[PDB]
Structure formats: structure tokens, C-alpha cells
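Quick notes on the structure that follows.
Read from first to last, the chains carry the letters A, B, C, D, E, F, G, H, I, J and K; within each, the first residue is number 1.
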Amino acid sequence: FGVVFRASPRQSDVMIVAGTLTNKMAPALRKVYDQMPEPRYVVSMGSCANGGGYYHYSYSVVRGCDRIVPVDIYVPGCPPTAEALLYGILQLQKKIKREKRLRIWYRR
Amino acid sequence: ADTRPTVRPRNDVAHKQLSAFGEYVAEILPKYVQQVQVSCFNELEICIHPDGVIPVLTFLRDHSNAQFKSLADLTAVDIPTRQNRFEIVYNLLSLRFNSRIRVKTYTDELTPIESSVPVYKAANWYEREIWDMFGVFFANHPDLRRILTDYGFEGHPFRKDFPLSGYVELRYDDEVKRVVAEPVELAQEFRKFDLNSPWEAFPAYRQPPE
Amino acid sequence: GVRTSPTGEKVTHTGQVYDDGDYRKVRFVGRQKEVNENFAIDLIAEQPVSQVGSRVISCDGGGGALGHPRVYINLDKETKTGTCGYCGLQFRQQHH
Amino acid sequence: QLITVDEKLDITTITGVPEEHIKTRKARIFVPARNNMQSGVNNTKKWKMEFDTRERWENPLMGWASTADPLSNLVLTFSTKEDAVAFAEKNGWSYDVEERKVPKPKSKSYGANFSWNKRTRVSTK
Amino acid sequence: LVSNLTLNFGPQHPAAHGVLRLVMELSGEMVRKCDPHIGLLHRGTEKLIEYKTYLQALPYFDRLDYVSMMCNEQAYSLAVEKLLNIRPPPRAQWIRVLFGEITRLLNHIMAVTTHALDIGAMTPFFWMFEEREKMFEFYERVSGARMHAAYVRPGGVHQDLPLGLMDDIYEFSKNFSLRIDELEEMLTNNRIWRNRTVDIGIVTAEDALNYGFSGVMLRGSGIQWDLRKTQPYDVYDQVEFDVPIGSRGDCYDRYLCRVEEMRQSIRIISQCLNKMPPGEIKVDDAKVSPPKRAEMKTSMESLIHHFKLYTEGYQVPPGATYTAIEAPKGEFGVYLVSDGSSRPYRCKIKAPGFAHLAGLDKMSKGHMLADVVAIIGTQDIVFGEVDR
Amino acid sequence: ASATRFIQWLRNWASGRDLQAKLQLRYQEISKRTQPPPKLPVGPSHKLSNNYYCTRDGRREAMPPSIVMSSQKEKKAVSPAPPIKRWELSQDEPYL
Amino acid sequence: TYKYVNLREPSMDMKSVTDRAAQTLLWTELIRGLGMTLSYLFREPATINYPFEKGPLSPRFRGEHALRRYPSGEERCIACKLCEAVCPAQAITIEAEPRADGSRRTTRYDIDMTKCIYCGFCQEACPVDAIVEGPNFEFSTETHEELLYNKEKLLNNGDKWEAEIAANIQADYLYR
Amino acid sequence: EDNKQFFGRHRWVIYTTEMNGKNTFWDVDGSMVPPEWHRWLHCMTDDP
Amino acid sequence: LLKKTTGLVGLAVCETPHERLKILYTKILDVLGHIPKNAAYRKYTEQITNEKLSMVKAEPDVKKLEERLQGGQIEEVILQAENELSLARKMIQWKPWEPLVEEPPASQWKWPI
Amino acid sequence: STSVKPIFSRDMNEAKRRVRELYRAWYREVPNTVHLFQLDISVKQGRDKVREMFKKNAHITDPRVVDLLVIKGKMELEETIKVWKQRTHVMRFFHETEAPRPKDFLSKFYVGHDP
Amino acid sequence: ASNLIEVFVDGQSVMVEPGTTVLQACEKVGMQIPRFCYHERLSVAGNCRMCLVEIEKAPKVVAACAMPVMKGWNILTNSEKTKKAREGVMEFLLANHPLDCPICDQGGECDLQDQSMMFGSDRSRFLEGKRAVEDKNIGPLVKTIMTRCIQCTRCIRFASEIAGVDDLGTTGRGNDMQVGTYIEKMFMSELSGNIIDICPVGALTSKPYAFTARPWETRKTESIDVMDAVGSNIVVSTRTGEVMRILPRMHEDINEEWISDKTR
């Protein structure tokens, strides 16, 4: 689809959060997010990242990564199947297709 | 070995051998051993006074009839009703004799425990885990510091009185441009269930009336 | 059985609707309030009553092990039909 | 070899709890009352410690029950009444102790149901 | 201390093991001190298990070593069964060995291929995950989930093998030795690979035992120890296989041991398929195992036991056990304490990766920085179980 | 499977294996996706008589640990178990 | 029973020494590694053409949740709360009351799909096959709020997917 | 379907160019398969 | 004949196993002489130590000696003797034979609570 | 009994010594921390916070409780000196997002039922 | 005193006042004998037969609830004979019992469920059809689902001896024996709601509380009634910050274990 296997943080276009975000790890994830050049999108993969999942009531777990970074697509599952993640990425492509940055700029 | 398809068979030769070795250890280290018990599923435990850790662990490692060369695990259990609320458990493995043994001791919030790193280098990280989660201090430990919890984390989560969700939660604040900790507020409180049945299940474990 | 409130919001089968002055109905502005349109109460009324010829009748909801647990229903009372606790099907005793 | 320490044992400073939930919390020590819907008595054997109930409100989105109290679901089990008090003091909680209520032994007789001159005679079985 | 390089794998690469913050002191190219910091995937799993019944706690064990899902389940089930004093039926013991060896293959493909991927050899990774993808189908057909099966439960297994599964497993196993051979045609005799693994991270036998190592980490140094052979637990006493033993204790022998374990797993899987016996799949004792959905909708006693099993749960007699299995990564053990109720009082998880990673500093001494990548890989570290 | 003979010869030669015998992909040697319904067996406790739970209750046959020595309450030396036996080299492939 | 993975002794005849010298200088094994990669270039790729082609699943697959009905149309759920009690993630929240016709029916049934671990314990525990995990695995959303299912959503999923769900139950209910 | 392909490619769908009043000549997604065919397309069954 | 490899990494071969052991066992017997005759450790460690030492004298062949001792390779037996020796020297300092240092509180080892 | 094994101090005089030392290390550190971590507080605000943390534990008189308080304070220092913490951890001491919480009866009465 | 005689309970000597039953003798060594018809605040019935227990050297089992102990009896509360008596009696109780646990408010706090798990068998051998009983309307407070009734006659004894009302009794005979009022009557009394608590099964349930909650999800708050000056001790059941029901709390000197219907 044109989605490279491995991308560096500072050439990346989309961040995929695949697992539990603990409180110890949250500062590092926001650091990486800020270093990403725009346009930047976040994909939240699985219950843990979506809202805490099965450690939602833990003392050491962020209850969803949307508390740290803005999320564009939420992929449910524990884990989502590889096909379910692929559906999520293809949903991000359609979300990008509908952007109207220039069209808004013209009417400003 | 009986024709009871659903019931775990008893190995009685293992029970006899483990009971013989429980006496042997009690006879040799009477200064420290406080109790010896072998369970029904064949697992020997030696209870010791907290001061006999190094002598007891050393004897089991080096003796020509022990040779428990491997520390399989090291953990603490919190029982708040006991005066010494913390019970420190050592699971050891002997490859020469293909046997396992458990060594248990106890402490409180303000009593240090001798580090076993001099005996088993495996205990270095195990004791850091015990300190972090249970707040049990080990004396003479090469490098005691948190290993699991976040930096600046107040409290010891694996104590029975530490709340499940803790006291503080993290989010990102736009105004201060960093991740901020704040008092925890749950949109849905964890729902506590009372599941214990009011009828006794196991008479063999009935405790004598007050 | 989907009737609307005076404001314009559809009522759910549980009977819930946002009153006139509740701000929480803003969440539907530009979007929609999802309401299942097949009301279980109205569908189970339509089912005909089952005339039978014994005092006790057993219902399992159909399908054997794909239904609900099997329940035996008493039909001695004449003033009313006998209803299944699980599936809501009604029974009556025939000419008796 | 050893030292002599005599002060009342207190650990509030090193436990890690915030001050708000040490000082303003009222622990309750009691044996649970038997659930009258059942006759079993196996849940009235041990002493429990619990804290005062605090506010719960409806989540604006889904109507769930939201709490800001971090001790709401905390329950501790003790063998004896002293242990519960001993634990509560060293953690510096204000507590109240409720004495165990033991069922009073009773005189039961089957023959009493068929009595020549007493009102205990039963009119039915 | 020429310089301290705080190496955070925070911006993670395609390894998926987790995230490791590594703090090192590099006196030039050499490494003088290594200090792993491992709190990043700590989720409070052991405390959460105290608020769940024994059945509710089982899925937590899928999510420890999340490349050994059904082996972690078996350890929990063997521990609980031991406290319950019950026995799973013979058919389930064969299914649990069969899927225990399908899980060992799953783990070693990840272990060897991601180890090689970090050292630049990307291609075998893709070759073998086409095979793991076919193994993920066996998981999904018996449990409905590709990864976290929740299939091995105390008393046996949740459901029976669907008709036609054993044929598909045999077809997979028939073509699989060739897949391993292709992998060795790219790594076993490759001088570049050998230069990156031979005489790297050497561990002596004496230091291995004292540091708590298990699994390949012992057998690479020549220690003849395998729990499946010395303390067998299901039907492993009824299957013939050989234990691979190393001679030099380096990465290359540990790489060879894992590749030979994959061959012995296929050997074992062959025997399980032929010896699979008939019968029931869970212990026929409804105060522990739920009854069949047909019986629960017909029988009063079955409905009562169904109702209580899925609400209160079965009560476990008071006691404490330490149960360990030969997990693919090493000795995986749980110290489980029962207070007599239906919820565990304490569940301590013994992760083999916890000790191995603590032994990293010992192994990294006197090696270049690029070797540390090879040392961590040969340990087979997943931070789900390191942290719990 | 649909490779021409020439390309089949090439990839066989390059790898040194007869790849067509053990193809990585699956075609029609796989099980049918629809299978006949099963008829699973019952366990050993599905008996209508001589099947009293008190004679097959594993949980109630456990007992509290024995206490070999306790503080309140010419013998030969013993190892915790007989010394483990030396393993024997495989006679299937002793040297890899 | 054990085997030695690497305990060979290399032969020290000239013919063998020359074999290793030829290997070292002529890069023989490295060429062999190039051969294997060349063979794969002419093997057929395992890729499938998603979304036009889909990966194989089974009847037991655990996907999106739905609430079912009886053939008559009455809801199967009787609000026993066995699913709420078993749920390992506490993802289910139930309230009930007597319906206008005296029936035992829920007024709130919610699944926090971001709490759920998709374990399928709730369908194992349901006595009336009211809650099931469907075959849908393609329901990712753009906002978190779209993944908090109330009763209407799960009833709509049951109406949407009943045709497939019933067939999957038919295929597996005998194993269950 | 073409049963001489390998397992996973032997069945496929060509999505309609319009569905529920939305132009899907280019924009198609896996949620356009109705439940009756969803079972066949994912090989959960063997019968269309 | 002499083993090229012990089989264990970091454990080199012993050229003179019989003599090396005899020195270690004799040292162990000598060290035990400093422990009170009543203490249980002295009685048991002497018994095993003597029984092994008697075999060492009796058996000249290295392979046959290992099969009698059943302690693995003969280098492993030497490594174990060195551990027993160092253990005895540490026991003389610890003095485990003395009566119990202290008894646990009333309900210290009571499970369930 | 009152015979208890000691952590480090055998009486409050030794304990107060280690307390005094640990305050020296923190007092020197704040100037460095405010720079390495690029904090927005002044070194005065930082040193007041160290004074505040030490003051809250004034009443303590048990020698063992003081040892642990010092042990924990040194571990906190070791994290800040070695820069294992991050800018977020260091600034958590200042609670700069939590809004003012009243402490007079009427104020608590208006807002909620909390005592 | 010299009144006390000595009995053994599994070999454990206990001294009991003469006239104490076997069931009470077992309670002193901390055991609870299973029961359905016995209630300590009602007259002994002895009809459910779940309390049957073995006396050593005694060929027959005795109803522990209604059997005075005699000097030098060893009560075997866990012998094979005692266990099999319990399994047999539980089988008979569950033979005609409806499969209602999912729809029964008593589910999760049911003595029939819990004692079936602890003392009964794990499976059924009953291969016939079951009994079905019509429901009686005894008022707006107690809901009657009499197919679940196990005929322990507790409600009858409570109304007769505690409430002083003789509306409830058993009409019929044999397997057809039914509990009710025979005529269309409402058992309306200030203490009427108490028969809900003593009924061990879902035969009598609270109409206001029907279907709303399950026992395991409710938090118990011990409090006091304020609807009168007696100060009855109650339990306030709450779930997610909502008051679900009021239950009695045992206080021997105040309300024993009853409450009024205004309290309830």
C-alpha cells in the first residue's frame, strides 16, 4: 500500500500505538509525538491504548492514549487481528482523502 | 495411582523423602529453623527466623546433600493481620537431586532483611522488586532502588492497603506543555463484588473456634 | 412503537428521552440518536397463544440446546394464560 | 546488636498515602453482619476494616457511577479485633470499633410443639 | 567512564518485544557498565489478579509472554489444578502438549528471526512469519482468537478440537522441516552471522546457575537440564525427544539450540498427532469445570453449577504452591497462594526474562556496543513478562 | 503451483531442494471449511448409578500441610531425593 | 536424552583444509545463501489482495458484540447479570427492571469496547445465548465515544448480523 | 472463486460502484460485504 | 583417555582427580574437628565425607569412580568438595548448632489467617 | 518488646546527622537541576520546596522511621542527579495544574460533601 | 454446672446443657450442619431432612435439628454415611425444582444453590418431567413463584408463631402438597415482609426489589431504621451510589432479625 515497514520518528507520518501505555512510558511517547513533523496522525491499536483495556483499573497504566496525544483512528481488539489493523490504516487513508486544507485556506 | 479419573494421584514416596530431608535441615540448623512442613502435593517449606537467611541459604546451596544451586524465585507476601505483615519466600532448585525447597521468613515495615546476593546473584533484582512493591528494605544490597514503578512514585503498590488504582493519574496538559500528575478520578468506579459463599467449603481446613 | 417527544427526539424501548431543558441532547446535533426500531415488547405480543391439552407444558424456546433452559408451566388457572419466564410465549389449556 | 525504641509506632510518613486520605478518613472495624437471605455463617468469622462512603455521581456521557475516592473499594481482613486496631493506629486512621454480635444460644425442643397445657403447641405442620 | 550513553529504545523499531531503556558507560567502543531500566510495561498484573476469580485471572497469563500464550496458560492451570487436587483428562493433556509444542515453534520463530533482523538479516523474518501466520490459524480454529486463546484452563481445555484440525496440523508439520532448513541455509554456516554470534556473550555454567538462568541459557553452557525431562508435568513422559546441548556458551550455540528445539518440537508434534486419544476434554467434575451447554439447559444441578461457576467461581483449598514449566523462553513459574476463597490471595509470576535481563551487565562486559544488540536478542526478552 | 517447468527447474536448482514436493502455500490438501457435525463423548462420571460425588471429590481429599517440626510443639544422612540419573546420548542423531 | 549441537572436530587432512581454504577465499557458503534468496524471487508471493480477498476465519472467531433475539422477536437477554459478573475486564454494565408486561428485561446494557479483551467469557456464561461475539472485526472508529456501546447499538448489531451469527452458532454449538 | 489458487486467494469480491447512495468506484472498504456473504468470503463456511 | 572437555563452560579438566579430591576431603575432615562433637552438622558431614573418601581410595579408574560417586563429572565432584569445605569454615563462624535464637509470634505461620 | 533491629541510626542523634547531610546534597543540587532540566522556577522556589519537604516530616521521633525517610530521599536525589527522571517528574512537586483547594468550612460546604 | 453432659463431635469433646440438639452441639465446635427447614427463631420441623447426620455405632441417621444429644455420642458430621445422606436429600430437593436461576431474584444468595454446591452432587439422574405450581397473590409486597418452593414450611411457622397470623398453611397431600392460603387472601401484616428473608429459595421474593440487582454487586452499609423509635438495625444495600433495598441486621436485644414493612 506504500506503507514502509520501518520509519524513523522524524520522517514518520503516522504513529501507531500498539500496546499498553504505562505512566512511566507516557512522557517518552509525548516526546516522540512532538518530534514528529506535521502532518502527523496517531492510530490507537487495541484495548490498552484505546482506553486502558484490561489494566484500565491499574495504578501504573494510562487509561487510553488520548489522554496523552490526539488520536485519529481507534482500532478495537485485544489484539486486533492483522486484518483489523489493515482496515484501520485504510480508514486513515480515506480520512486523509477528505481533507480540505487548501479549500479552507482559499475561503479564509 | 488409583482408578479415580478426576482426582490427582498421591505420590507417597516423594512425601516420605521430603519429610526426611525436612528433619535433616532442622537437625543441622536448629538455631534458625522455626517450622518444617510438607504439603499434600509434595512441597517442602522451611520456616526460619529472619536472621538465619544467609546461614540457611548458604547451607542449602553448598552442602553436599543439598546443592540447591539455583534460586528459582524470591518474593514477598503481605498479610496485614500478622504483626510481621511481610513474609519473604525463597524458592530454590537442586539439579543434582532434582528437587525443590521453599524457605520462608518474615519482617515488618521497619525491620531490614539481610540481602541474599552474597549467596545468589539472582537475588539482586528480586530484592529491588520486593523493596519497590512491598517497601521491605534489604541491608547490604549493592544497589537498592525502584525497578518497576515510575520515578517519584509514592507508595508501595503490592501492599494490601494500597488502593488498586492508586492515588495519582497522568495526563498531558496543553498549558504547561508536559505530562502532569493529578488526583485520580475514574469515570466508572471499579465495582467491588462480594463473592464469598456463606457456607464452608473445606472442613479439613476448619479453624478452631475462638 | 417509536414515538417522538414534543421536542422531536425519538423515545427508546426503555422509555428514555432527553427532557426539554437537558443540555446533553447537544451530543446528537449534527449526528443521530441510535434507536433500535424493533421493540421486543410489541413483537412478543403479536405471537399467538398456544392451546394445549395438558395441565403442565414445557417450553425451551425452540431449537433444543439453542434455546433457553427448559421450564415447566402450569395452566390450571382459567382467568389467564401461562407465560414463559424466558421467551415470553403464552400457553392456554384447550377447551378446559 | 539491638536498640530500644519506645514511641508509638507510626508510619504515615513512609507509607506514601496523601494526607487528605489519612486524616479525614474514618475507618470502621467490625465483623460483617450475616446476610439474612441465607443461613450460612461462614462470612461472619473475620474482622473487616472499611472506610466511610464518599460521593459517587453519574458520568455525563454514559451514566456510569464516577468516584473521586481512592479508598472506596478497599477492605482489609483481620483475625482479631486487636489486629484491626493495631493496623489502623500505625497507619494513622481515625477508627471506630463495633463489638462482635454472637447469636444467643436458644432452647429448642420438638416435644414443645405438642403441649398439653402450654401455648407453644403448634396448630399445624 | 569515558561517556555515558543513555540508550532508550523509546522510538521503537520493528522488534515488538517491548521498550527498554538502557543506560551504558562506553569507554570507547567497549562497554564497561550496562544498566537496564524496566518499568515501561509494568501494568500491575499481580495486584489485579487478586481482584479476579481464578477463571477471570487466566487471560492475564496470555498477556505475559505474549509469544508463548498457551504455555503461560498451562503453567497457571497446572498450579491451580495442583491446589484443587484434580486431574485433567488424558485427551486434554495431549492437546496441551500438542499446543505447547505449536507454541514453542511460535516462540522460536520470533526469537531467531527478530534476533537476526536486529543484526541486519531481514529476509528470514518474512519467510517464517508466513508459517507463524498458519500457526495463528490453529489457535483461532480451536479458540476463536489468533493470539490470546484463553484455551488451556484448569481441568483441561475449553472446547474440543474441531473436526479436520489434526489433518491441517499434520500438513503444516509435514512441510515445516524444509522451512527450518532454508533458515539454516542463510545463517548456520554464514560467516557474517557467525562473526556476530560466535564467542559473544559467553556465560559459564557456574555463573548461569547462580544468576538464575534457565532454558537455553543453561543448555548453551552445557548444563543438562530440561523440566520436560526431569520434572514432567502432562504427557511429556510419553513422548521421545532429545534436548539440544551447547558446548561454548556463546550466542551461536544458543542460536543452534533454539533451531534444534524447533526440530524436536516437530518430532513431538508428530507423536501427539498419532497418539491423540479419545474422551472428554475437561475434568468431569462440575464443581470445577462448567457443564455442557446442553446439560445446563436440561439439568437443575448443571444449571446451579453453571450459575455459580461463572459468578462466584470454584473455591480453591487454602495452600501455596510453586509450579514451573519449561516455557519456550525458560522456566516459567507461578507462586500461587490460596486463602480458601474463590479469588487468589497472591499470584507471583516467575518470568525467565527477569533474571536473564538482570544478567545482561555480566554478559556485556568487554564487548562492543553493537554486540549488546546480539546479547539481548539471544536472551529472548519480552517485556510483558519482565515487568508483569 | 502454476509455475512453468523452466522456472520450476531454476528455483529447485538455486535452493538445492525439490521445492514442489513441500510447497509453502496451501491449495487443496487442506480440510474442508464445512465439516460434519460432531458427537463428542461423555466423561467417566456420566453414570446413572454407583456415581456418588463423595467418592470422586478431589477438592475435599486435600489436607492441610503436615508439620514435621515446630517450635511450639546414628541416623544416616539423606538427600532430598535420590541423585538424578545421567542422561544418555541420543542414538537417533548424537552429533548434530 | 540429549544431543550435541556444536561439538564437531574439523578434519586436518590437506583435502579438508583445502576445502575450507576454497570456502574462505571463494565465498562458497555466501553464494549458497544468495541461491536461496534467488529461489524465493521465483516463488509465488503469499500476499492476498485485501480488501478484495480476506484471511480465513472459523465459526469460533471472537469479534464485535451483539445482543440476539428469539425467532419470535423477543430479546433473549433476561438480565441475569452472569456476563457482567464473569467479565474479566469489567467491560459490561447492566441495569434491569420489570418491563411494562412484567418481563425480566434490561434497561441498560453497555459494553465499553475499549475495556473489553474480546475473550468471549460472556458468551460462555450466558444461559440463553443472548450475548455473542460476532464475526465482524472491521469496526474501527474515529472517536473514542463511538466505541462505548449502549443497548441500542448491541441490539442493532444483532439485527444487522443475525444471519451470519446464527449460522456460526449452528456450526459450533455442538462443540460448546 | 477459483479453486486452483492457493488458500486465501481462491475467493474474492469486486465491490459495487455505488452502495447506499455513496459513490464507491474508488472508495471501497471491507464493511461493504453483507453478512450472508461475509461468512463465505472469510471461509467460515464452504457453501455460498 | 584424559577428557578433552568437561562439557561445562568455565570448568576445566582435572589432570589429577584422585589426589585432588583426597586433599580436599581430608581437609574437610580436619576442619570438622573444630566443631562441637554433639552438633548435628559435624556428624552428618563427616559421614558423607568419609563414604566418598573411602570410594576415592578404592576406585582407581576415573570413569568408574564417577559412576560410584554419582556426582556428575569428576571435576564437578571436586567443585562440590570445595563448596563443602568453604561451607564448614563458614559454619564455625555462624554456629547453627545453638538452640533456637527466637520463636515466632503466636500466629506467624498460620494459614489461612 | 521495644528491642528492635536498626536500619542505620541507633538513636535520633545519628538519624538527625544523616538528615542534615541529605539536606546538604539537596541544597547544592537545586542550582544544577534548575539548569539541566531547564525548569521555569527560580532556584529560590526550588530550595523552598526542599525546605518544605523536610519540614513536613518534623514531628518524627522514631530512629527507624527517620532512616527510611532518609533512604527514600537519597533515592530521589540519585534519580535527579543522574537525570533518570525527566522534566515532568521534577515538576510534579509543584502541582501547577491543580486548582486552589479551599480549607475553610464555608468554602468546602459550598462545593461538595467532602469533609 | 453439673447439668452439662459430655458429647463428642468427630472426637472433639464439648459440654452441653441437656436438651440441646445435635445441630446445636455441632455449632459449639464451630461447624454448621446443612439445613432448609430449621430456623433458630421458629419451632423445630424436622421435615427437609438435610440435617441428617451419623452417630457412631448407630445404624440410622438422625435429624440433627430435632434430636436431643445423649451422653457419649460421637457425631460424625463428615463420614461417608453422612455425606451420602446429604447427597441423596439434595437430589430429591432438586428433582422438581425449576431451572429458574437466571430469572430468579434469589440467584447468587440462595441456600439451595450454595448447599447444592457444597453438599450435593455435580450432576442429575432425573429423567422425568417436573412439577409445576400455580402462583398465589398474597399481597402487593411479597411476590410468589411457588414452583420454586421446597416445602420447608418456614413461612407457615413464622406467620403462626411470630406474626400471629394463621393465613398460611399447606393444602393437599404428597407431591401435590402446596403452600398458600387456599382462598384469595393477602398476608398483609406489619411483619409480612419477613417471610421473604426466611424463605430459603426464590419462592417468596420482594416485589419492589424484583429484577433490579444481584447480591454480588451490592455494597452493604450497616445503619439504623428511623421509621420508628425501636431503632431496628438494618443493612442498606447500594449499587453504583443508589439505594437498592433494606435488609434486617441481627440485633438480639432490639429487633432480633426482623423488621417492619415500613422499614423494609
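Going forward, a contact is a pair of C-beta atoms (placed from the backbone, for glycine too) under 8 Å apart; a residue touches a chain by one contact, two chains touch by 3 or more.
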**Q.** Number of steps on the shortest touching-chain route linking subunit C and subunit E
**A.** 1
Q) Counting only C-alpha atoms to place each centre, which chain is farthest from subunit K? A) I
Q: Give the chain pair, either C-G or F-K, that is connected by more C-beta contacts.
A: C-G
Q.
Need the CA-centroid distance for the pair subunit A / subunit D, whole Å please.
A. 46
Q: Please work out the Cα centroid separation of subunit A and subunit C, and write it as a whole number of Å.
A: 42
Q.
On a C-alpha centroid basis, what's the spacing between subunit F and subunit I, in Å?
A. 39
(Q) By the touch rule stated above, which residues of subunit J touch at least two different other chains? (A) 4-5, 62, 64-65, 68, 84, 86, 88-89
(Q) Among all residues of subunit F, which ones touch two or more of the remaining chains? (A) 1-2, 15, 24-26, 30, 32-34, 38, 40, 43-46, 56-59, 61-62, 64-65, 71, 77, 83-84, 87, 90, 93, 96
Q: At least two other chains touched by the same residue of subunit I: list those residues.
A: 44, 48, 71-72, 100, 103-104, 107, 112-113
Q | subunit F partner contacts - residues on subunit H that touch it in the complex | A | 3-7, 43-47
Q: Please name which positions on subunit G make contact with subunit D in the complex.
A: 93, 108, 110, 145, 148, 150
Q | Contacting residues of subunit F [partner subunit H, same complex] | A | 1-2, 25-28, 30, 32-34
Q) Once bound in the complex, which stretches of subunit J touch subunit B? A) 4-5, 7, 62, 64-65, 68, 71, 75-76, 78-79, 84-89, 91-92, 96-98
(Q) For a test of understanding, state which residues of subunit G touch subunit E in their complex under the given definition. (A) 1-7, 29-30, 32-33, 35-37, 40, 46, 56-58, 60-62, 82, 85-86, 88, 117-121, 124-125, 127, 133, 172-173, 175-176
